[PDB]
Amino acid sequence: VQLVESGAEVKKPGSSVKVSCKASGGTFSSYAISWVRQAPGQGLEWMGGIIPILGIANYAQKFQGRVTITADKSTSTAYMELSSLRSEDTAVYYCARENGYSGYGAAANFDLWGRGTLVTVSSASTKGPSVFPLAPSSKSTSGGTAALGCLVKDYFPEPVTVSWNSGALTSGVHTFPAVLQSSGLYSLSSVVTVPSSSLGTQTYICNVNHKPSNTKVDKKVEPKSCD
Amino acid sequence: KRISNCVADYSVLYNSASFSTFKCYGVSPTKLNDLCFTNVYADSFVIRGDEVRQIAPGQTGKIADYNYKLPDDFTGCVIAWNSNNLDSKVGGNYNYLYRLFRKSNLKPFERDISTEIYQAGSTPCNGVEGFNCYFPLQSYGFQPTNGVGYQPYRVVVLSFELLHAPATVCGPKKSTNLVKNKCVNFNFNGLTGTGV
Amino acid sequence: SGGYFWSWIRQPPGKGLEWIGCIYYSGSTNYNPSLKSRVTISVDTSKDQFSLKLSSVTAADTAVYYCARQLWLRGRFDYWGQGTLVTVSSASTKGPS
Amino acid sequence: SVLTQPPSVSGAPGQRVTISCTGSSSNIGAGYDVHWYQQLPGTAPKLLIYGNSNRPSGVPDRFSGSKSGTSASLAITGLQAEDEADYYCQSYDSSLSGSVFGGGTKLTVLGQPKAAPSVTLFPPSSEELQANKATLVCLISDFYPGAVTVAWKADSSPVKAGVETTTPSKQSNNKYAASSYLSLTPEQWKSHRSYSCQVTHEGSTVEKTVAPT
Amino acid sequence: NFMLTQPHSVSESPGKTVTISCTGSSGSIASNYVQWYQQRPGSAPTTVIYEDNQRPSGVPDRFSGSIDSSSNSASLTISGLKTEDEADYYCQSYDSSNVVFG
């Protein structure tokens, strides 16, 4: 079968994170369930495994009594609770499966895996994004091609998508990724390439869609007059 | 656990005066330090008070045949004792599990981690808690307020391996009493000198 | 030397053996539950001997005392010394008639 | 932690590539079986081989797993176009009382020939000056690979505060684009004569300068 | 509160086979080592068998012992009774830092 998980989830440093592990079909209420975490920069670790039959928790000695995992039999799902988040939680969790066998080794193999839950925590929480339009100048344009776009600043959280004229522009569009800053701030860019003959008859407008904060700012772009 | 590239003394493992039980066949318990082996094999698990008599070669039961079989050529050295104040707690400590149902027997020194549901009937169940199917792993009944025959006991077996290899983990030469002012024989690493 | 143990074992006439206590060449001591708070055994290495002191002796203490080398503590005794006769009775020693 | 792995291994498309994994005597040398997994950058890892004796369904026979006592080895024959992932060692650890993974090995040699970069510098607009900040961006586009160093100067001294560099992404025509921001304030933006971005690619250095006044 | 239960009087003609039991009350007989001592009256006791199967160097082979852990009893088997075998037999235990005889 296949295990489906939730998407990205961002909280503050010191809350309790709440995600779910859903199972499609069957073979969930007979076999052991564990959790796998992968962190970019280090190796993978194994926090612990929970049997759904007897409801017995089996964690590791490297983790203290701070995380708890519960199991549900009515809807065939598992919930993960983890409080007191620290600065190194920027990683991804996996909901895996254990299938025991018989042999001299008798090692736990992880044949079936989940999708992944991108849990990131840092400072500079969700606020109102600011978008600044960008316009070319006389010296910037020398031929028949002009470079212009919209610059988006102080947005939280990822992901943020940018649409040009509600998807009316497809050729020449480019989206730039984000980057960490000193205050944990992100910033992206988006510019397009258009002929200079259309700068005086057709207008370019940037639409910002930001679902977790439920904001949609619409700002006009106009050429500079002095240059 | 595997002990290799080490040296150890079993005298300190005996003067603890805290083990409720100590059984060790295959060698006299007083002459196992001087005898040298190749590898020392140790396993650690918990058990109830009424099953410590089951850890012996030559009987059939519920735990000694489904979790860890003891062969006839068993030169092992088993230690168990009571530590019920740490591995048990009020409200019911069910952290440790055990296997009760198995399809057939198993070879000794083999670990069984199969979580498949044992089938008693002639029909498949596809992993359901219905009829003719029962989950073989079962919980414990540990409690710190019990008697003596059902308390959590920490049982370990120390076995020895004899192969065509030189001694790796074995008792070194023992420190005898120091004597002076008499004509005695000694050898401090370079000479067999006799004198006071 | 040798890392062995010492013990005292008494035996009443016509009765079974009774374990009194055990000692190490260090201060480790263990006594029988029936004989707690009455057994005081000490070891002096300089004289190469060990002694036991028994307090509040009664008429039921008439037993044959043995000192035995304990080569294995939870095991048997390799050697047994000859048993001295101890009799607890009367108040004074008097000549025969 | 207890399991160590090499950082990277080199190979050729058509020869045998073998990885060596070394642990301790209580997790891998004790007698436990080992399991190997592939960590593709973007998809969840799956099972490749368990116990080094059985072949799971959907896994080619090209992977071979062996345990030479304390150390376990994996051997492959030929490099196809999906080995751009990481290999890990997973075994039960008695000391940790749980499963512990390895370090991870990257399998790549070279796939990036050279190209010619082009940069553009755009001063901030008029509406950005009243926000009590100054974001200076010098975009870099149409370059390959995406390994460009960024340096900022103000015609009298280099600026070592607020310098950032974004990771480049693949374009529509298999090129890379990137941007570099610089956090400043409008108070000193007008005092300085000019601002510029300086980049170097395979020895080719280009400079573009703007004038606020 | 562990005591070893031993038959007080056992009688058998020479040349035959007799068994001597030693039953533990609370603790299981297979938990701790059981030592049998053959003591001539007017003499110090002597170890006659040990480790529940191991005979000392010097005693005859007929002194053989067995353990029945199901019945919590220690059994000492004597084959071919002789004149010098007329002595007291005691079984030893250890429990937990408290040696208990038979």
# chains A, B, ... in the order shown; residues from 1 in each chain; ligands from 1
call {"tool": "interface_residues", "arguments": {"of": "chain B", "to": "chain A", "cutoff": "12 Å", "atoms": "only C-alpha atoms", "output": "NGL selection string"}}
result
:B and (66-68 or 92-98 or 102-118 or 125-129 or 133-140)
call {"tool": "select_by_dssp", "arguments": {"residues": "range 9-193 of chain B", "states": "strand (DSSP E)", "output": "number ranges by chain"}}
result
B: 21-23, 39-47, 77-82, 97-99, 111-112, 118-119, 133-134, 137-139, 153-161, 184-186, 193
call {"tool": "residues_around", "arguments": {"residues": "range 13-19 of chain C", "least_positions_apart": "3", "cutoff": "7 Å", "atoms": "only C-alpha atoms", "output": "PDB file with C-alpha atoms, in the first residue's frame"}}
result
ATOM      1  CA  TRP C   8      31.745 -20.426  60.656  1.00  0.00           C
ATOM      2  CA  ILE C   9      29.347 -23.387  60.695  1.00  0.00           C
ATOM      3  CA  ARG C  10      27.997 -24.936  63.896  1.00  0.00           C
ATOM      4  CA  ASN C  32      22.193 -15.697  59.196  1.00  0.00           C
ATOM      5  CA  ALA C  63      26.823 -27.011  69.132  1.00  0.00           C
TER       6      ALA C  63
ATOM      7  CA  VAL E  99      23.571 -20.076  53.221  1.00  0.00           C
ATOM      8  CA  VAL E 100      20.853 -22.583  54.153  1.00  0.00           C
ATOM      9  CA  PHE E 101      21.608 -26.242  54.879  1.00  0.00           C
ATOM     10  CA  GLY E 102      19.379 -29.317  54.853  1.00  0.00           C
TER      11      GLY E 102
END
call {"tool": "interface_residues", "arguments": {"of": "chain A", "to": "chain D", "cutoff": "8 Å", "atoms": "only C-alpha atoms", "output": "VMD selection string"}}
result
chain A and resid 42 to 46 48 59 to 62 104 to 116 132 to 136 174 176 to 179 181 to 182 189
call {"tool": "atom_distance", "arguments": {"atom1": "CA of residue 96 in chain E", "atom2": "CA of residue 82 in chain B"}}
result
10.4 Å
call {"tool": "closest_atom_pairs", "arguments": {"of": "chain B", "to": "chain C", "cutoff": "10 Å", "atoms": "only C-alpha atoms", "output": "tab-separated table"}}
result
residue	atom	partner	partner_atom	distance
B:11	CA	C:3	CA	8.2
B:14	CA	C:73	CA	8.6
B:15	CA	C:73	CA	8.4
B:17	CA	C:73	CA	9.1
B:21	CA	C:74	CA	9.4
B:22	CA	C:74	CA	8.5
B:29	CA	C:72	CA	8.1
B:30	CA	C:72	CA	6.7
B:174	CA	C:2	CA	8.9
B:175	CA	C:2	CA	8.7
B:176	CA	C:1	CA	6.4
B:177	CA	C:1	CA	5.6
B:178	CA	C:1	CA	9.2
call {"tool": "write_last_selection", "arguments": {"atoms": "C-alpha atoms", "output": "short mmCIF file (atom, residue, chain, number, x, y, z; two decimals), in the first residue's frame"}}
result
data_model
loop_
_atom_site.label_atom_id
_atom_site.label_comp_id
_atom_site.auth_asym_id
_atom_site.auth_seq_id
_atom_site.Cartn_x
_atom_site.Cartn_y
_atom_site.Cartn_z
CA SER B 11 36.35 -12.11 40.36
CA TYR B 14 31.11 -12.60 41.81
CA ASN B 15 31.81 -10.59 45.00
CA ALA B 17 26.69 -10.43 46.83
CA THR B 21 20.65 -16.73 41.32
CA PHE B 22 23.77 -17.94 39.52
CA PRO B 29 32.73 -21.79 38.22
CA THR B 30 36.00 -21.59 40.18
CA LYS B 174 46.78 -13.37 38.81
CA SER B 175 48.56 -11.15 41.33
CA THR B 176 49.86 -13.46 44.05
CA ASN B 177 51.01 -12.37 47.51
CA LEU B 178 54.29 -10.47 47.79
#
call {"tool": "decode", "arguments": {"residues": "range 68-112 of chain D", "atoms": "N, CA and C atoms", "output": "short mmCIF file (atom, residue, chain, number, x, y, z; two decimals), in the first residue's frame"}}
result
data_model
loop_
_atom_site.label_atom_id
_atom_site.label_comp_id
_atom_site.auth_asym_id
_atom_site.auth_seq_id
_atom_site.Cartn_x
_atom_site.Cartn_y
_atom_site.Cartn_z
N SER D 68 31.39 -9.01 4.96
CA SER D 68 32.70 -9.62 5.20
C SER D 68 33.05 -9.49 6.68
N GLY D 69 32.30 -10.23 7.49
CA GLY D 69 32.49 -10.22 8.93
C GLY D 69 32.00 -8.94 9.58
N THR D 70 32.93 -8.13 10.07
CA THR D 70 32.58 -6.88 10.72
C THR D 70 32.13 -5.81 9.73
N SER D 71 32.65 -5.84 8.50
CA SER D 71 32.35 -4.82 7.50
C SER D 71 31.41 -5.39 6.45
N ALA D 72 30.50 -4.54 5.98
CA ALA D 72 29.55 -4.89 4.93
C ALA D 72 29.87 -4.09 3.67
N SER D 73 29.70 -4.72 2.51
CA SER D 73 30.04 -4.11 1.24
C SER D 73 28.89 -4.24 0.26
N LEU D 74 28.76 -3.24 -0.61
CA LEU D 74 27.77 -3.23 -1.68
C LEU D 74 28.50 -2.98 -2.99
N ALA D 75 28.20 -3.80 -4.00
CA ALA D 75 28.85 -3.71 -5.30
C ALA D 75 27.81 -3.54 -6.40
N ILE D 76 28.11 -2.67 -7.36
CA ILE D 76 27.24 -2.42 -8.50
C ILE D 76 28.07 -2.53 -9.78
N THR D 77 27.37 -2.76 -10.89
CA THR D 77 28.01 -2.98 -12.19
C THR D 77 27.39 -2.02 -13.20
N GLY D 78 28.11 -0.95 -13.52
CA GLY D 78 27.62 0.03 -14.48
C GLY D 78 26.89 1.19 -13.84
N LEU D 79 27.11 2.39 -14.35
CA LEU D 79 26.50 3.61 -13.81
C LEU D 79 25.44 4.10 -14.79
N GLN D 80 24.18 4.00 -14.40
CA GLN D 80 23.08 4.50 -15.21
C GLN D 80 22.74 5.93 -14.77
N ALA D 81 21.60 6.45 -15.24
CA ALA D 81 21.22 7.84 -15.02
C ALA D 81 20.26 8.01 -13.85
N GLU D 82 20.39 7.19 -12.80
CA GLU D 82 19.59 7.39 -11.60
C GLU D 82 20.40 7.20 -10.32
N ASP D 83 21.73 7.11 -10.40
CA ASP D 83 22.59 6.91 -9.24
C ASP D 83 23.05 8.22 -8.61
N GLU D 84 22.30 9.30 -8.81
CA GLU D 84 22.66 10.61 -8.25
C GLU D 84 21.99 10.80 -6.88
N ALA D 85 22.27 9.85 -6.00
CA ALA D 85 21.65 9.83 -4.67
C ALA D 85 22.72 9.46 -3.65
N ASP D 86 22.29 9.13 -2.44
CA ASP D 86 23.18 8.80 -1.34
C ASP D 86 22.89 7.39 -0.83
N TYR D 87 23.94 6.67 -0.47
CA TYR D 87 23.84 5.32 0.06
C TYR D 87 24.14 5.33 1.55
N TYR D 88 23.29 4.66 2.33
CA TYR D 88 23.40 4.65 3.78
C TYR D 88 23.43 3.22 4.29
N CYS D 89 24.07 3.04 5.45
CA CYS D 89 24.11 1.76 6.14
C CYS D 89 23.17 1.82 7.34
N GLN D 90 22.26 0.85 7.42
CA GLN D 90 21.30 0.77 8.51
C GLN D 90 21.42 -0.60 9.17
N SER D 91 21.67 -0.61 10.47
CA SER D 91 21.78 -1.85 11.23
C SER D 91 21.33 -1.60 12.66
N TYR D 92 20.91 -2.67 13.33
CA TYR D 92 20.45 -2.57 14.71
C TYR D 92 21.65 -2.43 15.64
N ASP D 93 21.58 -1.45 16.53
CA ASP D 93 22.65 -1.18 17.49
C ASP D 93 22.16 -1.53 18.89
N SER D 94 22.87 -2.45 19.55
CA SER D 94 22.49 -2.85 20.90
C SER D 94 22.83 -1.77 21.92
N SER D 95 23.95 -1.07 21.72
CA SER D 95 24.33 -0.01 22.64
C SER D 95 23.35 1.16 22.59
N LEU D 96 22.90 1.53 21.39
CA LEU D 96 21.92 2.59 21.24
C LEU D 96 20.49 2.11 21.50
N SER D 97 20.28 0.79 21.55
CA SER D 97 18.96 0.18 21.71
C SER D 97 17.99 0.66 20.62
N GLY D 98 18.48 0.69 19.39
CA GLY D 98 17.66 1.14 18.28
C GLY D 98 18.43 1.11 16.99
N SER D 99 17.79 1.61 15.93
CA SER D 99 18.38 1.65 14.61
C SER D 99 19.17 2.94 14.42
N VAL D 100 20.36 2.82 13.83
CA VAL D 100 21.22 3.97 13.54
C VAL D 100 21.64 3.90 12.08
N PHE D 101 21.65 5.05 11.41
CA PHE D 101 22.04 5.11 10.01
C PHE D 101 23.49 5.55 9.88
N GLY D 102 24.00 5.49 8.65
CA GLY D 102 25.37 5.83 8.36
C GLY D 102 25.57 7.28 8.00
N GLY D 103 26.68 7.56 7.32
CA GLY D 103 27.02 8.91 6.92
C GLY D 103 26.44 9.32 5.58
N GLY D 104 26.72 8.53 4.55
CA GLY D 104 26.20 8.84 3.21
C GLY D 104 27.32 9.16 2.25
N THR D 105 27.24 8.55 1.06
CA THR D 105 28.22 8.74 0.00
C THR D 105 27.54 9.34 -1.22
N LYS D 106 28.18 10.35 -1.81
CA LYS D 106 27.67 11.00 -3.01
C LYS D 106 28.37 10.41 -4.23
N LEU D 107 27.58 10.09 -5.26
CA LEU D 107 28.08 9.42 -6.46
C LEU D 107 27.93 10.36 -7.65
N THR D 108 28.97 11.16 -7.90
CA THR D 108 29.03 12.02 -9.07
C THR D 108 30.49 12.33 -9.37
N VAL D 109 30.78 12.57 -10.65
CA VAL D 109 32.15 12.87 -11.06
C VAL D 109 32.22 14.26 -11.67
N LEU D 110 31.55 14.45 -12.81
CA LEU D 110 31.56 15.73 -13.52
C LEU D 110 30.48 15.76 -14.59
N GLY D 111 29.68 16.83 -14.61
CA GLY D 111 28.68 17.00 -15.64
C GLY D 111 28.47 18.44 -16.05
N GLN D 112 29.41 19.31 -15.70
CA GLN D 112 29.24 20.76 -15.86
C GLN D 112 30.37 21.37 -16.70
#
